[PDB]
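Read the structure below first, then the notes.
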Amino acid sequence: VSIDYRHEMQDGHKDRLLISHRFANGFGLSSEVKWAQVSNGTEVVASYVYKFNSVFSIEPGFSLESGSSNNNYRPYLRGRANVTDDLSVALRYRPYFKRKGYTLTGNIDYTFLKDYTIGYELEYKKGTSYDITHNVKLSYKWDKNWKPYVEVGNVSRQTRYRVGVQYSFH
Ligand SMILES: CCCCCCCCOCCOCCOCCOCCO
Ligand SMILES: CCCCCCCCOCCOCCOCCOCCO
Ligand SMILES: CCCCCCCCOCCOCCOCCOCCO
Ligand SMILES: CCCCCCCCOCCOCCOCCOCCO
Ligand SMILES: CCCCCCCCOCCOCCOCCOCCO
Ligand SMILES: CCCCCCCC
Ligand SMILES: CCCCCCCC
Ligand SMILES: CCCCCCCC
C-alpha cells in the first residue's frame with residue numbers, strides 16, 4: 001500500500017491524495033481524492049497486470065471518476081516492455097466517456113544510482129465532440145518508505161509543475 005500526496009500549479013492550484021496497492025497476483029486497486037481552486041473529485045481504478053514474461057506485460061484497467069467538473073468512465077489498456085533492468089517503456093490507450101475521446105500515453109523510465117528514477121511521458125489527447133503534453137518526472141527513493149518527486153511539463157503554451165511524495169508501508 002502506498003499513499004501519494006501531490007500539489008500542482010501552472011504559470012490556481014490542485015491537490016490530490018492517491019492510495020493504491022498492487023497484489024502479488026497482479027490485481028490492483030486505487031482510490032484518489034482531488035481538490036482544486038473550488039472543485040473536487042474522486043477516482044477509483046481497478047486493474048490486473050498480466051505478465052507474459054520478464055520483459056512484456058499487459059494491464060487492462062477500469063476507472064470511474066466523479067466530480068464537480070470531470071465525470072468520466074475511462075477504461076484502459078497499458079502495455080509495458082522492460083528493455084533492461086533499469087529501463088522500461090509503456091504505452092497506454094485510455095478512451096474517455098465523460099460528462100468522449102481518448103488519450104494515448106507513452107512513458108520511458110530510467111532508474112539510476114539505485115534510488116533515482118527519471119521519466120519522460122508523452123501524451124496525446126483527442127476529443128470526439130488534439131493536445132500534446134510532454135512531462136518529465138524525477139523521483140528519489142529517500143528510504144524504504146518515502147519517495148519524494150518533482151515533475152515539470154508543457155501542456156500545448158504553459159508549464160505545469162508538480163511536487164509530491166509517495167509513502168509506502170512495510
Ligand atoms: C497523505 C500524505 C502523504 C502520505 C503520508 C501519510 C502516511 C501515514 O503514515 C505515516 C506513518 O509515518 C509517519 C510518522 O510520523 C507521523 C506524522 O504524522 C503525519 C501523518 O499524516
Ligand atoms: C472492480 C470493479 C471496480 C471497483 C470499484 C470499487 C469502488 C466501489 O465503491 C463504491 C462505493 O461508493 C463509496 C462512496 O461513493 C463516492 C463516489 O465514488 C467515487 C467514484 O465512484
Ligand atoms: C481501452 C479499452 C480496452 C481495454 C479493456 C477494457 C477495460 C474495461 O473493462 C471493463 C470491465 O470492468 C471490470 C474490470 O475490473 C477488474 C480489473 O480488470 C480489468 C479488466 O477490465
Ligand atoms: C501495448 C498494447 C496496448 C497499447 C494500445 C493499443 C493500441 C493503440 O492504438 C492507438 C490509437 O491511435 C491510433 C493512431 O496512433 C497515433 C499515434 O500518435 C500520433 C498521432 O497521430
Ligand atoms: C533514459 C530516458 C529517460 C529520460 C528522459 C528525460 C528527459 C526527456 O526530455 C524530453 C522532454 O521534452 C520536453 C519538451 O518541452 C516542450 C517544449 O514546449 C515549448 C515550450 O512552450
Ligand atoms: C486496497 C488499498 C487501496 C484502497 C482502494 C479503495 C477502493 C474503494
Ligand atoms: C483485493 C480485494 C478487494 C480489496 C478491497 C478493500 C476494501 C475496499
Ligand atoms: C540546480 C540546477 C537547476 C536545474 C534545472 C532543472 C530545470 C528542469
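Quick note on naming: the chains in the C-alpha cells go A, B, ... in the order shown, residues restart at 1 in each chain, and ligands are numbered from 1 in order of appearance.
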Per residue of chain A within 9 Å of ligand 7, record the nearest atom pair and its distance in Å to one decimal, counting only C-alpha atoms and all ligand atoms, with rows in chain order and ascending residue number, as CSV.
residue,atom,partner,partner_atom_place_in_ligand_line,distance
A:21,CA,ligand 7,1 (C),8.9
A:22,CA,ligand 7,1 (C),8.8
A:23,CA,ligand 7,1 (C),7.4
A:27,CA,ligand 7,1 (C),7.0
A:28,CA,ligand 7,1 (C),7.4
A:29,CA,ligand 7,4 (C),7.2
Residue selection dump (N, CA and C atoms) as an mmCIF file, in the first residue's frame:
data_model
loop_
_atom_site.group_PDB
_atom_site.id
_atom_site.type_symbol
_atom_site.label_atom_id
_atom_site.label_comp_id
_atom_site.auth_asym_id
_atom_site.auth_seq_id
_atom_site.Cartn_x
_atom_site.Cartn_y
_atom_site.Cartn_z
ATOM 1 N N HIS A 21 -2.731 -0.067 -4.127
ATOM 2 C CA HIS A 21 -1.998 -1.274 -3.819
ATOM 3 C C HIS A 21 -2.060 -2.201 -5.021
ATOM 4 N N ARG A 22 -0.947 -2.878 -5.302
ATOM 5 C CA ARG A 22 -0.910 -3.948 -6.299
ATOM 6 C C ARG A 22 -0.581 -5.220 -5.543
ATOM 7 N N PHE A 23 -1.455 -6.210 -5.654
ATOM 8 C CA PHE A 23 -1.269 -7.502 -5.025
ATOM 9 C C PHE A 23 -0.304 -8.337 -5.872
ATOM 10 N N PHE A 27 -3.569 -8.145 -9.304
ATOM 11 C CA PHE A 27 -4.760 -7.291 -9.150
ATOM 12 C C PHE A 27 -4.366 -6.001 -8.450
ATOM 13 N N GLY A 28 -4.897 -4.875 -8.931
ATOM 14 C CA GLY A 28 -4.579 -3.579 -8.316
ATOM 15 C C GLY A 28 -5.831 -2.773 -8.136
ATOM 16 N N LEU A 29 -5.795 -1.885 -7.140
ATOM 17 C CA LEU A 29 -6.918 -1.044 -6.772
ATOM 18 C C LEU A 29 -6.353 0.270 -6.300
#
(request) Set the cut-off to 12 Å, count only C-alpha atoms and all ligand atoms, and list whatever residues fall near ligand 4 as a PyMOL selection string. (result) chain A and resi 50+56-61+75-81+89-95+101-107+122-126+130-133
Preceding selection exported with N, CA and C atoms as a short mmCIF file (atom, residue, chain, number, x, y, z; two decimals), in the first residue's frame:
data_model
loop_
_atom_site.label_atom_id
_atom_site.label_comp_id
_atom_site.auth_asym_id
_atom_site.auth_seq_id
_atom_site.Cartn_x
_atom_site.Cartn_y
_atom_site.Cartn_z
N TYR A 50 -1.01 -8.54 -16.22
CA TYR A 50 -0.75 -9.91 -16.70
C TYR A 50 0.65 -9.95 -17.30
N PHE A 56 7.66 -8.49 -21.19
CA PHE A 56 6.39 -7.92 -21.68
C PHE A 56 5.25 -8.16 -20.67
N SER A 57 4.41 -7.15 -20.46
CA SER A 57 3.20 -7.30 -19.68
C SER A 57 2.07 -6.46 -20.29
N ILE A 58 0.83 -6.85 -20.01
CA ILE A 58 -0.33 -6.09 -20.44
C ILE A 58 -1.26 -5.91 -19.24
N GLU A 59 -1.82 -4.69 -19.12
CA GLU A 59 -2.66 -4.26 -17.98
C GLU A 59 -3.97 -3.64 -18.45
N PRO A 60 -5.08 -4.41 -18.45
CA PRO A 60 -6.38 -3.80 -18.72
C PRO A 60 -6.86 -3.16 -17.44
N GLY A 61 -7.58 -2.06 -17.54
CA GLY A 61 -7.97 -1.35 -16.34
C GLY A 61 -9.30 -0.71 -16.56
N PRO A 75 -11.85 3.34 -19.23
CA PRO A 75 -11.16 2.06 -19.20
C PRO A 75 -9.83 2.23 -19.92
N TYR A 76 -8.89 1.32 -19.72
CA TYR A 76 -7.62 1.44 -20.44
C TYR A 76 -6.91 0.13 -20.66
N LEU A 77 -5.96 0.14 -21.58
CA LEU A 77 -5.02 -0.97 -21.79
C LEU A 77 -3.59 -0.38 -21.83
N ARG A 78 -2.74 -0.85 -20.93
CA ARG A 78 -1.35 -0.40 -20.88
C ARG A 78 -0.42 -1.59 -21.17
N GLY A 79 0.41 -1.47 -22.18
CA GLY A 79 1.47 -2.43 -22.42
C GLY A 79 2.78 -1.93 -21.90
N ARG A 80 3.58 -2.84 -21.34
CA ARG A 80 4.89 -2.50 -20.81
C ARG A 80 5.98 -3.44 -21.32
N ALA A 81 7.13 -2.87 -21.68
CA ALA A 81 8.32 -3.65 -22.03
C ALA A 81 9.50 -3.23 -21.18
N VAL A 89 9.59 0.93 -20.94
CA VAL A 89 8.75 1.73 -21.82
C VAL A 89 7.33 1.23 -21.73
N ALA A 90 6.36 2.13 -21.75
CA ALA A 90 4.94 1.69 -21.73
C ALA A 90 4.14 2.51 -22.70
N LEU A 91 3.02 1.95 -23.13
CA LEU A 91 2.07 2.66 -23.94
C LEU A 91 0.68 2.32 -23.39
N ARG A 92 -0.11 3.37 -23.21
CA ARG A 92 -1.47 3.24 -22.66
C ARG A 92 -2.46 3.86 -23.61
N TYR A 93 -3.52 3.10 -23.95
CA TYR A 93 -4.71 3.63 -24.64
C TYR A 93 -5.85 3.73 -23.63
N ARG A 94 -6.38 4.94 -23.47
CA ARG A 94 -7.41 5.22 -22.48
C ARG A 94 -8.52 6.08 -23.08
N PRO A 95 -9.57 5.46 -23.61
CA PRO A 95 -10.66 6.28 -24.06
C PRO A 95 -11.35 6.92 -22.85
N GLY A 101 -13.55 10.80 -26.15
CA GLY A 101 -12.28 10.92 -26.84
C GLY A 101 -11.36 9.83 -26.34
N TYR A 102 -10.08 10.08 -26.44
CA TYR A 102 -9.13 9.16 -25.89
C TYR A 102 -7.81 9.83 -25.62
N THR A 103 -7.05 9.26 -24.70
CA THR A 103 -5.63 9.57 -24.61
C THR A 103 -4.74 8.40 -24.99
N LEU A 104 -3.57 8.74 -25.53
CA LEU A 104 -2.53 7.77 -25.81
C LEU A 104 -1.27 8.33 -25.13
N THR A 105 -0.76 7.55 -24.18
CA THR A 105 0.29 8.00 -23.28
C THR A 105 1.46 7.05 -23.44
N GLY A 106 2.63 7.57 -23.74
CA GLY A 106 3.82 6.75 -23.76
C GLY A 106 4.73 7.20 -22.66
N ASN A 107 5.46 6.26 -22.08
CA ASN A 107 6.33 6.51 -20.95
C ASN A 107 7.68 5.83 -21.18
N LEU A 122 4.90 11.26 -22.84
CA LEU A 122 4.35 11.99 -23.95
C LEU A 122 2.90 11.57 -23.98
N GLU A 123 1.99 12.53 -24.04
CA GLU A 123 0.58 12.23 -24.02
C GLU A 123 -0.14 12.96 -25.13
N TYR A 124 -0.94 12.18 -25.87
CA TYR A 124 -1.70 12.69 -26.97
C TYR A 124 -3.18 12.53 -26.62
N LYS A 125 -3.90 13.64 -26.63
CA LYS A 125 -5.33 13.62 -26.32
C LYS A 125 -6.11 14.11 -27.52
N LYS A 126 -7.16 13.36 -27.86
CA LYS A 126 -8.02 13.71 -28.96
C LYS A 126 -9.46 13.59 -28.54
N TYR A 130 -6.37 18.28 -31.30
CA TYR A 130 -5.69 17.42 -30.34
C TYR A 130 -4.73 18.21 -29.44
N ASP A 131 -4.45 17.67 -28.26
CA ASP A 131 -3.44 18.27 -27.37
C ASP A 131 -2.28 17.33 -27.16
N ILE A 132 -1.08 17.89 -27.12
CA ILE A 132 0.08 17.10 -26.77
C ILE A 132 0.69 17.63 -25.48
N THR A 133 1.07 16.70 -24.62
CA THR A 133 1.70 17.01 -23.34
C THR A 133 3.03 16.30 -23.28
#
(request) Can you work out which one of A:55, A:18, A:83, A:9 has the shortest atom-to-atom distance to residue A:167, counting only C-alpha atoms? (result) A:18
(request) Name the residues, by chain letter and number, that sit within 9 Å of ligand 8 using only C-alpha atoms and all ligand atoms, and give them as a PyMOL selection string. (result) chain A and resi 136+151-152
(request) Mind giving me the straight-line distance from atom CA of residue A:42 to atom CA of residue A:142 in Å, one decimal? (result)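 If I compute the distance from atom CA of residue A:42 to atom CA of residue A:142, I get 28.5 Å.
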(request) May I ask for the distance between atom CA of residue A:113 and atom 3 (C, counted along the ligand's line) of ligand 5, given in Å to one decimal place? (result)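 Interatomic distance here is 14.0 Å.
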